[PDB]
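Just so it is clear: in the first sequence, position 157 is 163 by the authors' numbering, and no numbers are missing. See structure below.
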Amino acid sequence: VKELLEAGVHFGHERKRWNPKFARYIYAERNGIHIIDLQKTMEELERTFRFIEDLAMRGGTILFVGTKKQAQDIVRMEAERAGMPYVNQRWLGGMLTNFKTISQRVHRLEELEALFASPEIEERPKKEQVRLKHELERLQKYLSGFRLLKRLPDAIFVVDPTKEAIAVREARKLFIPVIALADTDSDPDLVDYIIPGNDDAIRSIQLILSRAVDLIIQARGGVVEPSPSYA
RNA sequence: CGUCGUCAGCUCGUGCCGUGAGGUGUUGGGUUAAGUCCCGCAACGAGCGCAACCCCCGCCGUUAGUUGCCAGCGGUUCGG
Ligand SMILES: [Mg+2]
Ligand SMILES: [Mg+2]
Ligand SMILES: [Mg+2]
Ligand SMILES: [Mg+2]
Ligand SMILES: [Mg+2]
Ligand SMILES: [Mg+2]
Ligand SMILES: [Mg+2]
Ligand SMILES: [Mg+2]
Ligand SMILES: [Mg+2]
Ligand SMILES: [Mg+2]
Ligand SMILES: [Mg+2]
Ligand SMILES: [Mg+2]
């Protein structure tokens with residue numbers, strides 16, 4: 007499922023803004039830039055996917071996290087397809103570590119979904135209409151992919167582990183295994199199942215996350231063909 | 001009951017940080033009479049206060065017309 011001209015898409019980046027634990031996954035340093043050994047990226051995509059596979063055919067949830075502008079939209083796409091939860095926007099603190107309390111805020115999300123599905127009163131004072139709606143958009147704005155999550159995931163997939171160290175931390179505290187794509191600005195040992203590739207190119211984020219979803223649906227019940235990529 | 005003080009404040013739940021007292025939230029940019037609301041944030045909510053809900057005066061309408069009122073008619077001892 008794997009493809010080999012990811013060279014055509016990503017082969018990493020970043021200058022000496024590195025982390026030296028990532029040494030093992032590195033070929034050489036060219037444009038004043040850390041260049042990732044693709045043959046290692048390979049050994050790993052495999053091992054990661056083997057983990058990814060076993061998780062779909064047992065029907066286990068995956069939490070998708072990425073909020074840097076690059077991976078922002080493409081997680082709303084690729085995760086919706088597998089219908090699995092995500093946070094695209096802001097990563098609220100304690101989403102895993104304080105799940106039951108965070109979630110007590112989705113019942114509020116649902117409660118507005120009902121209360122706005124009419125009527126249950128519109129003789130509620132005018133501003134109160136306007137007020138509650140604003141709240142609705144707000145919840146929707148962060149929680150739109152989170153609600154799908156009704157229990158702690160059996161695993162989580164992250165786009166930037168550094169950028170989302172909080173996430174990685176919360177998972178790790180819970181024993182929730184962490185899969186992530188990650189370039190040289192990151193700490194390897196911190197990831198269980200790892201994709202050493204560029205994490206800032208919309209090209210790259212695209213290849214890696216898509217084939218993930220494609221591998222999810224394929225061993226889940228079905229197969230599908232192409233899904234949206236911004237040119 | 002006074003008072004600080006009608007001052008915008010004081011907490012809590014769970015999460016997180018710290019060996020610990022404790023921190024965070026409640027800080028931060030803007031805005032407000034105000035922890036008033038906005039945005040941002042390892043926090044997310046909740047409580048008591050703020051506010052609002054009550055009384056008063058200011059505008060109008062309705063329901064009422066005596067012991068209250070008198071615009072027009074009629075008288076009128078000259079006092080609706
Ligand atoms: Mg990066
Ligand atoms: Mg606490
Ligand atoms: Mg200390
Ligand atoms: Mg502790
Ligand atoms: Mg405390
Ligand atoms: Mg305070
Ligand atoms: Mg404090
Ligand atoms: Mg301030
Ligand atoms: Mg005041
Ligand atoms: Mg308040
Ligand atoms: Mg705040
Ligand atoms: Mg009051």
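All C-beta atoms, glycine included, are put in the ideal place defined by N, C-alpha and C.
Coil, strand or helix - residue 55 by DSSP: If DSSP states are grouped into helix, strand and coil, residue 55 belongs with the helices.
Closest Cα partner of residue 208 within the set 181, 166, 224, 231: 166
C-beta contact flag for residue 81 and residue 89 at 8 angstroms: no
One or two residues paired with residue 92 in a DSSP bridge: 70
For residue 70 and residue 135, the rounded distance between their alpha carbons: 33 angstroms
Cβ-Cβ distance between residue 185 and residue 199 below 8 angstroms: yes
Beta-carbon proximity check, residue 40 vs residue 190, cutoff 8 angstroms: yes
Secondary structure of residue 17, DSSP reduced to three states: Residue state, collapsed to three classes: coil.
Entirely enclosed alpha helix (DSSP H) segments - the region 102–176, minimum 4 residues: 105–109, 112–121, 132–149
Beta-carbon proximity list for residue 84, same chain, < 8 angstroms, skipping 5 on both sides: 70, 215, 216, 218, 219, 233
Given residue 163 as reference, the closest of 173, 26, 29, 154 once Cα atoms are compared: 173
Residue 200 (DSSP reduced to helix, strand or coil): strand
Whole-Å CB distance - residue 203 paired with residue 210, under 8 angstroms assumed: Here residue 203 really is in contact with residue 210; their C-beta atoms are around 6 angstroms apart, less than 8 angstroms.
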